[PDB]
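Below: the structure, in structure tokens.
4 protein chains.
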Amino acid sequence: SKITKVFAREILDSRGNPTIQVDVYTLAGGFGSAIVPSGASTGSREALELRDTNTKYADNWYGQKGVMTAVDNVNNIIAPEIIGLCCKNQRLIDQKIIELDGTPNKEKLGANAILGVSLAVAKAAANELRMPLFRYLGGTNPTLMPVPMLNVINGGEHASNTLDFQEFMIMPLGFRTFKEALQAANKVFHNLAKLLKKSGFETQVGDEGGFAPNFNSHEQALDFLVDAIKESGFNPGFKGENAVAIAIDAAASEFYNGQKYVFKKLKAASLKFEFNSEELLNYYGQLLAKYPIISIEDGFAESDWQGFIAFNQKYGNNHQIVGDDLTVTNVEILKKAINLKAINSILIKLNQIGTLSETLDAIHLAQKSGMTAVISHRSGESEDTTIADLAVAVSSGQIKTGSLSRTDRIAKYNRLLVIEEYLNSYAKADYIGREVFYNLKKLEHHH
Amino acid sequence: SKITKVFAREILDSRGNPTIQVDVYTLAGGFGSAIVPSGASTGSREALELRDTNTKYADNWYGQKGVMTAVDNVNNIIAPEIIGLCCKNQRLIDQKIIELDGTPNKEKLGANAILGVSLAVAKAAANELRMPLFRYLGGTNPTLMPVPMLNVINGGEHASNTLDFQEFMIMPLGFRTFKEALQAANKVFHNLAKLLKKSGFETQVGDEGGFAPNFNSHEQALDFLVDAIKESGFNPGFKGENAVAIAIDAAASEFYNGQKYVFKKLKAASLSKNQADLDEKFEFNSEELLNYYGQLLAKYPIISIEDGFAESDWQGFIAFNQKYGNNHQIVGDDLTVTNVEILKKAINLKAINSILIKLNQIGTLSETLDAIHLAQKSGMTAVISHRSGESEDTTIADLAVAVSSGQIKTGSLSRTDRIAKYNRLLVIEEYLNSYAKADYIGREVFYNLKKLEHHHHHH
Amino acid sequence: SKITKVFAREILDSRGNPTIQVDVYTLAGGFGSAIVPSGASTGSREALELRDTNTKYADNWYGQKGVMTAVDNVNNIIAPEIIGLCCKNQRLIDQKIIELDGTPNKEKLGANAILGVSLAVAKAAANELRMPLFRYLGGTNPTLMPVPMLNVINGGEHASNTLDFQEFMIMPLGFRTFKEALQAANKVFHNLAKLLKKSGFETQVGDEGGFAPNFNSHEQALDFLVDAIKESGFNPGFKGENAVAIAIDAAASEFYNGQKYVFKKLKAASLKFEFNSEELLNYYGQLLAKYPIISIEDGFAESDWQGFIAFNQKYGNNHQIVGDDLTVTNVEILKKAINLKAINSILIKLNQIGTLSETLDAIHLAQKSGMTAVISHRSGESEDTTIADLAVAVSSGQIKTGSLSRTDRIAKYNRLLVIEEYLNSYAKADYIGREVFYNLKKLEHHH
Amino acid sequence: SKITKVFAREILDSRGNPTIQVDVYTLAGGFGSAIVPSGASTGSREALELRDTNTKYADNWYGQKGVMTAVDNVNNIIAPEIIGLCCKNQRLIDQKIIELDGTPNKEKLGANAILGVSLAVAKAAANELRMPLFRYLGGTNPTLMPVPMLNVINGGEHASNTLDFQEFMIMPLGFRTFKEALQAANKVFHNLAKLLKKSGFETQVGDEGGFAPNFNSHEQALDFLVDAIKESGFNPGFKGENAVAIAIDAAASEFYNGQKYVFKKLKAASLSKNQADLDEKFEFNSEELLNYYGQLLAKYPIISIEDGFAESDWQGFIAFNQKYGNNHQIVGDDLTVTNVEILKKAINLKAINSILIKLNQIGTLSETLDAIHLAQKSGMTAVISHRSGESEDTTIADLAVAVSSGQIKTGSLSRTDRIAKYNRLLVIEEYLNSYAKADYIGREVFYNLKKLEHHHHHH
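Residue numbers (the authors' numbering), protein chains in the order written: chain B, 2 to 272, 282 to 457; chain A, 2 to 460; chain B', 2 to 272, 282 to 457; chain A', 2 to 460. A prime marks a further copy of an entry chain.
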């Protein structure tokens with residue numbers, strides 16, 4: 002049915018910074034509403050969100066982070082182009098809006114203005130057809146509940162501990178249903194908190210609702226994590242029942258100087283810290299041998315493609331190698347990562363590319379080529395749960411959407427529970443654990 | 002129109018523990034859906050949520066915290082009783098479900114099963130009437146956007162720091178609109194986070210999205226707060242433009258031992274383990290604690306103090322309200338637990354001039370509205386409050402506007418479990434701006450204060 | 002839904018004088034109709050109704066009391082401003098209409114033109130939503146049936162008896178339901194009439210359907226009233242079951258010469283009559299000691315604020331002190347009465363302020379400050395029963411709407427019976443008698 | 002469309018006594034609601050309302066006047082019989098309810114229960130057809146706005162004055178429109194009230210909103226009336242512009258003793274208690290009373306006299322109609338009590354040329370329409386009448402227009418129980434002005450008068 006009304010407003014995201022919400026109405030009574038997550042404002046590689054810097058709105062909010070200009074672009078520019086088009090024509094609307102902005106990185110109107118409309122339009126159509134969004138996006142056959150990557154331990158520049166790696170995650174593999182996998186994650190998370198309190202660590206949380214306790218090294222954190230998995234009644238590893246694996250996001254661009262990798266906080270604490287690409291690759295195989303790490307993200311720097319290609323060739327048959335800063339959901343960079351065998355997996359961030367149709371094009375390219383497409387959250391989030399319906403719609407098999415606290419993450423797990431409930435009555439719900447890694451030629455026993 | 006379907010499910014709250022969501026459908030096409038916040042499981046005074054302890058469900062989630070029994074109670078017991086009733090009859094529905102449970106503290110079916118149905122019914126009726134929830138709850142005339150009590154600094158039992166008081170809050174008073182007041186709180190919050198980092202304090206957050214840095218005393222925390230307000234461009238105080246006040250939740254039941262109040266984290270930091278407090282430096286009887294509050298009130302722009310004395314120390318409250326109740330808000334939380342009979346006692350004894358309102362502590366929407374109305378009729382403010390375990394549900398935003406509470410307490414400025422409520426207030430403000438008027442009146446919401454003074458004035 | 006039609010006509014009120022009726026229709030089929038009661042045509046303090054004086058309509062009706070000009074203002078000026086607005090936006094419509102008139106006392110278009118539209122709009126919205134008006138006005142929670150103040154005995158300038166006080170009322174307190182309270186009032190009223198006939202007094206009625214028999218003094222009237230309450234089977238007093246209290250409207254502005262109060266008819270009959287403020291205050295305490303008078307209205311003159319303040323301070327803890335001529339439902343005067351502790355209660359007359367939203371603002375201000383808001387009728391009335399729904403919507407706890415004869419009063423009691431019936435099935439109906447006086451610090455036993 | 006719900010309740014009438022209101026709903030969304038006026042409880046001739054005497058309800062209201070039994074009879078007996086019938090079948094419904102009661106005077110269920118349903122059914126059918134009630138009752142052609150008989154001066158049993166006749170009325174004849182005639186009555190009424198005050202008379206009102214001042218005789222009252230008409234700017238008379246006539250309800254059954262008519266209030270004012278009326282100064286046989294009427298008719302512009310003779314004095318009526326029936330209206334009220342069989346007798350004996358019509362004296366709408374039609378076919382006028390106990394119900398306004406009665410009797414110009422009917426006539430006049438034509442024909446409504454004369458003419 003025809004779109005009758007498009008309206009945007011400025012609200013706050015989960016970090017206390019402005020973001021944009023878009024409502025869409027249709028003649029037949031459909032209503033769709035979406036909230037854009039936080040993204041990049043500068044960069045030459047990703048779609049660019051538009052903030053209120055150097056406008057009459059700049060002083061509204063701290064750091065000039067308002068998005069009223071994007072709101073004005075939706076309400077004044079995008080809306081009259083879109084009103085009167087059939088809402089079920091997602092690809093036409095997305096293409097309409099891309100051309101209206103006319104720049105490749107969506108810098109003129111704002112990636113946040115464009116994505117907000119793109120997603121609200123799709124939700125309005127799904128609402129009108131009285132279909133869950135994952136059915137509208139995916140057709141009749143989606144059944145695959147994704148394995149979650151749950152943040153638990155955090156490092157990097159902004160964390161006061163001595164972990165130079167960015168984040169550590171658990172992945173609940175050996176379970177028959179999504180509900181049981183989430184229950185296991187709930188047990189590991191709360192037992193993890195209990196152990197951290199028992200050893201005198203802090204249990205406050207960061208932007209993803211995980212912990213950043215004062216660990217002295219990667220090895221200590223990995224040791225602590227293995228123990229918490231065992232305390233909860235599960236088995237650290239890949240195969241078998243109750244298996245729970247670990248995944249790491251190294252964010253290696255952050256500790257690369259163009260020639261060497263430096264564990265800067267570890268080095269400062271001691272007052282091996284330096285690695286060339288081959289030595290860093292060696293450290294990983296040490297960790298991969300000792301601990302049950304199924305997946306490493308941004309193991310090397312965005313400018314160290316040779317490190318990536320050698321990483322993928324040495325461990326990519328048996329471990330997931332994820333690009334994030336390497337690829338920024340850029341289809342052209344993805345084609346090069348495919349052609350050069352640099353990774354076997356990619357993070358998908360809707361607001362890094364700017365529309366739903368482009369995101370689906372990028373997901374399909376990654377999967378056609380034998381990689382997994384891990385649907386990812388952002389730092390600044392909301393109760394919008396699009397990415398839960400997206401992960402089921404495209405059979406991603408994997409989602410990355412935070413630890414087990416804060417509604418900005420929890421809502422996505424709740425949405426997966428509601429989707430699982432819907433598939434249990436009116437279809438079939440599938441949770442296949444370790445089998446989601448179709449990109450790994452062989453998956454071996456960790457022991 | 003008639004209720005056709007009531008369905009409940011188990012989901013997770015913002016602390017990662019199970020809670021309950023209820024959906025209600027009406028024959029006219031209305032849909033309403035509510036998520037119950039975390040509450041008390043034991044206690045002799047408030048409505049009791051039901052967890053899965055000693056059931057076939059106990060092993061589902063950590064700590065035996067599932068709520069499948071309450072889900073079954075909605076789906077198997079409450080729903081057949083409620084289907085077929087007109088959804089607009091809120092008081093009838095709530096009365097029927099209260100009688101169906103039959104216990105005064107809602108223990109049999111669970112206060113969480115009962116509140117979930119109570120709220121989803123109301124939202125479905127509003128949805129079918131194409132009215133915002135606050136217009137359904139409140140009639141034609143509500144226009145009052147509430148002043149937020151924004152958590153920023155946390156202390157008390159579980160914080161590693163040396164603050165014995167449980168939380169410190171800012172209240173943006175001297176602003177023309179709710180949007181501008183929220184912009185001011187945004188500026189104080191991020192400037193506070195920058196100042197904290199600048200001094201080497203931690204900037205992770207707790208349950209309500211505020212900070213628990215390693216402060217050494219109440220005074221150190223309060224000094225830091227005052228400077229953050231100034232650094233943001235505002236004036237710490239009560240009256241005038243750009244005024245930003247402070248509120249405190251002492252939660253004094255937690256450091257009362259039966260006879261004296263003991264600043265036990267502060268004392269464990271000075272005294273070694275073999276030492277007694279021979280000088281009574283960290284101990285206070287009621288009057289001595291009242292003297293300490295008076296000192297803080299004179300030096301710092303503290304407009305409101307919650308649970309200044311213990312739940313069993315009614316005398317301490319009565320003396321507190323006697324000495325500073327004309328010029329300062331005195332809130333009962335643990336003292337009153339949203340209990341109508343205890344509020345009548347507090348009104349009769351003149352113990353407080355304000356009360357926190359927690360939907361799930363009383364257990365239905367109609368009883369909550371009875372309790373709010375009794376508080377306001379008696380000249381008290383009713384502060385609509387969040388819980389520690391929360392969701393994207395924003396009922397309390399609409400409730401605060403519907404009853405013209407004038408004040409809401411729903412957390413710091415991070416985490417969607419708090420942010421969604423401020424966002425709902427922004428949407429309500431936008432609705433009132435085009436179809437009515439939105440009023441933000443700042444310090445004028447303290448109608449319970451006989452004489453609000455200038456803070457900078459020498460008292 | 003959108004207002005499609007607004008139409009006004011001139012009809013007659015209950016005194017045989019013109020008044021205005023307004024109909025409102027909406028696109029969805031809602032219909033609302035309201036009749037304005039009679040109000041002031043001159044005065045510098047209240048909203049001013051517009052009569053046909055010095056127009057081509059002046060000779061239509063006796064005393065030039067037509068309201069065709071107001072009817073023309075609704076049909077020609079107000080209606081085209083309002084048509085096409087959503088009827089559920091009461092505050093917007095009221096604010097629209099205030100600005101359209103543009104004068105503070107609504108003198109240009111007429112308070113009667115403005116109130117007629119304001120009320121008909123609200124009834125149309127309530128009708129459209131298939132909600133009783135008190136639910137539309139008040140939300141989900143209203144349950145409080147008000148205690149009625151029933152006129153029974155009348156004095157003042159226009160009454161040929163020797164009562165200088167304006168009116169005497171009964172208030173049925175000690176009863177469990179509104180129905181029973183009204184039944185008690187019906188018994189006192191008819192027994193009162195029987196006793197008056199037995200003693201040779203006249204039983205014809207005035208504008209409020211009460212009596213004005215040839216009593217010689219206030220004391221004789223109060224004696225007669227106490228006896229009738231006893232004859233009917235009830236107890237004169239405040240507390241206990243079957244308690245029925247008395248309330249007085251002195252209308253003291255009428256017998257004040259700027260320096261003294263003169264009981265003029267009592268003085269003329271004798272051919282104590284003169285009182286300064288302190289002596290008048292003394293007379294009241296005499297009556298308050300002898301008879302069960304719970305409430306005195308306009309005990310002192312509108313220009314004698316010092317008399318009011320001393321009245322409230324000497325008996326206001328235990329008796330209701332009502333302003334009427336003192337405050338004329340004027341929010342700014344009300345603020346001064348609150349600030350100066352002159353009264354603990356105020357009459358609310360919708361057509362003295364001019365719109366429903368302003369009336370609700372005034373009610374809310376009075377209640378927030380610890381006063382009771384007594385919803386009042388006017389002398390010239392109709393079968394419109396708005397004030398019954400208003401008293402329940404705002405939990406006034408008290409209504410003042412006439413004696414127990416004439417449909418211009420009876421309709422309001424019937425509407426309370428229909429509201430009580432609605433609350434009995436679909437909610438709860440509450441009648442709390444003596445507890446409505448939350449403004450009285452202590453309520454003592456009259457004996 | 003089909004009736005889906007019939008519900009009755011007890012409310013109060015304009016004298017503060019219980020009466021009954023009935024609501025009727027139809028499947029198509031029609032709603033109709035009627036309020037029954039006060040009637041007779043005992044009597045051998047008219048339909049009988051049922052009060053709560055000797056029931057569990059007797060103590061509810063003063064005088065045992067409740068009507069809950071009739072309410073129960075609607076809700077428990079009549080409603081199940083009527084639900085499912087098409088609402089447009091007025092005659093069917095009325096026939097079914099008459100048979101359901103089974104007694105000729107409607108004593109078993111109550112004439113008030115029966116009439117309430119009868120009228121609410123008709124109003125619901127009109128409401129569902131989006132027709133004003135008078136178009137539903139009357140067809141396409143009604144246009145005749147009735148001349149009002151406006152009570153102004155009251156006497157008889159309960160008035161303290163010395164008038165033995167029960168009421169005096171004005172009728173505004175010489176005017177072009179109903180609005181103008183009502184404006185004239187408004188002017189006479191308020192000028193009459195001013196003149197009364199000017200002479201020290203009382204100005205409170207009785208049941209019908211007219212005056213009962215302390216007049217000494219019929220002549221004094223009639224003189225006052227004539228001067229008020231002149232003071233208002235009109236001409237007391239029958240013909241020509243601005244004519245205002247007078248009508249009288251003698252209610253002569255009240256001062257007939259069986260043999261003679263006795264002006265008993267007039268006599269109690271002249272004669273002391275020990276005195277007989279040796280001269281027969283205040284007594285009248287039939288012929289002597291007819292001579293007295295003739296005297297008043299010659300001096301005063303009296304166009305109509307109601308109940309000039311007693312209910313049992315059929316001969317007095319027959320002689321009255323013989324002597325002055327060509328030139329004056331002769332109304333039966335107590336004589337006929339809206340009884341079809343008694344009207345046939347009055348027609349056959351030529352006792353009257355006009356009859357009052359009281360819905361609740363016969364008990365259904367179809368029987369009322371039968372009675373009106375029989376009266377008009379026989380050359381009589383049918384004057385649609387109010388009762389002493391009334392409400393804002395305005396059925397009789399629509400009824401008077403629907404049947405082209407030409408005359409209505411519904412009280413003075415104060416009290417909503419009377420004013421609402423004039424207001425309904427103003428709304429009907431407005432409807433006819435835009436969608437048809439409104440006719441006010443003044444003196445021409447007396448089609449029952451063989452020769453209406455000029456009053457000022459010497460007869």
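Heads up, the beta-carbon is just placed ideally off N, CA and C, and yes, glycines get one too.
### Message
Am I right that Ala-248 (chain B) and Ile-331 (chain B) are in contact with their C-beta atoms under 8 Å? What's the rounded C-beta distance?
### Response
Rounded, the Cβ-Cβ distance is 11 Å, inconsistent with contact.
### Query
Considering only the beta carbon of each residue, do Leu-336 (chain B') and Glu-312 (chain B') sit closer than 8 Å?
yes
### Query
What are the residues of the stretch 407-425 of chain A that lie near chain B, defined by any Cβ-Cβ distance shorter than 7 Å?
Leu-414, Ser-415, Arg-416, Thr-417, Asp-418, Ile-420, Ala-421, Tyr-423, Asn-424
### Query
Which of helix, strand or coil does DSSP assign to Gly-139 (chain A)?
helix
### Message
Give me the chain B' residues within the contact set of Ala-213 (chain A'), using Cβ-Cβ distance strictly less than 7 Å, ordered along the chain.
### Response
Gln-205
### Message
Spatial neighbours of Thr-5 (chain A') within its chain, please: C-beta separation below 7 Å, excluding the five flanking residues on both sides.
### Response
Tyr-26, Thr-27, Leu-28, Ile-84
### Query
Would you call the CB atoms of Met-150 (chain B') and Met-132 (chain B') closer than 8 Å?
no
### Task
State yes or no: is the beta carbon of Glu-129 (chain B) nearer than 8 Å to at least one beta carbon in chain A?
no
### Message
Just to confirm the assignment, what range does the beta strand (DSSP E) spanning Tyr-436 (chain B') have?
### Response
Element bounds for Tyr-436 (chain B'): not the beta strand (DSSP E) but the alpha helix (DSSP H), 417-436.
### Three-way DSSP call (helix, strand, coil) for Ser-15 (chain B) in this model
coil
### Task
Assuming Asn-152 (chain A') contacts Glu-209 (chain A') (C-beta within less than 8 Å), just tell me the rounded distance between them.
5 Å
### Task
Please list the residues of the stretch 357-379 of chain A that have a C-beta atom closer than 8 Å to any C-beta atom in chain B', keeping them in chain order.
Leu-366, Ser-367, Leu-370, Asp-371, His-374, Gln-377, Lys-378, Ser-379
### Query
Which residues of chain A' have a Cβ atom closer than 7 Å to the Cβ of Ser-15 (chain B'), listed in chain order?
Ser-415, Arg-416, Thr-417, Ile-420
### Query
Quick one: complete alpha helix (DSSP H) runs, 4+ long, within the stretch 283-324 of chain B?
287-300
### Message
Can you check whether the C-beta of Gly-140 (chain A) is within less than 8 Å of a C-beta belonging to chain B'?
### Response
yes
### Reduced DSSP secondary structure (H/G/I, E/B, other) of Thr-396 (chain A')
helix
### Task
Using a Cβ-Cβ cut-off of 8 Å, state whether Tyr-63 (chain A) counts as contacting chain B.
yes
### Query
When burial is assigned at 16 or more other CB atoms within 10 Å of the CB, is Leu-350 (chain B') buried or exposed?
exposed
### Query
Between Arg-10 (chain A) and chain B, is there a C-beta pair that is closer than 8 Å?
yes
### Message
With a threshold of 8 Å between beta carbons, is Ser-305 (chain B) in contact with chain A?
### Response
no
### Query
Near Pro-147 (chain A), which residues of its chain fall below 6 Å by C-beta distance, leaving aside the five closest residues on each side in sequence?
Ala-401, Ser-406, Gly-407, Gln-408, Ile-409
### Query
Residues in the stretch 189-202 of chain B' with C-beta within 8 Å of chain A''s C-beta atoms, listed in sequence order?
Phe-190, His-191, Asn-192
### Message
Give me the residue from A:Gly-317, A:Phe-212, A:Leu-226, A:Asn-328 with the minimum Cα distance to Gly-412 (chain A).
### Response
A:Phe-212
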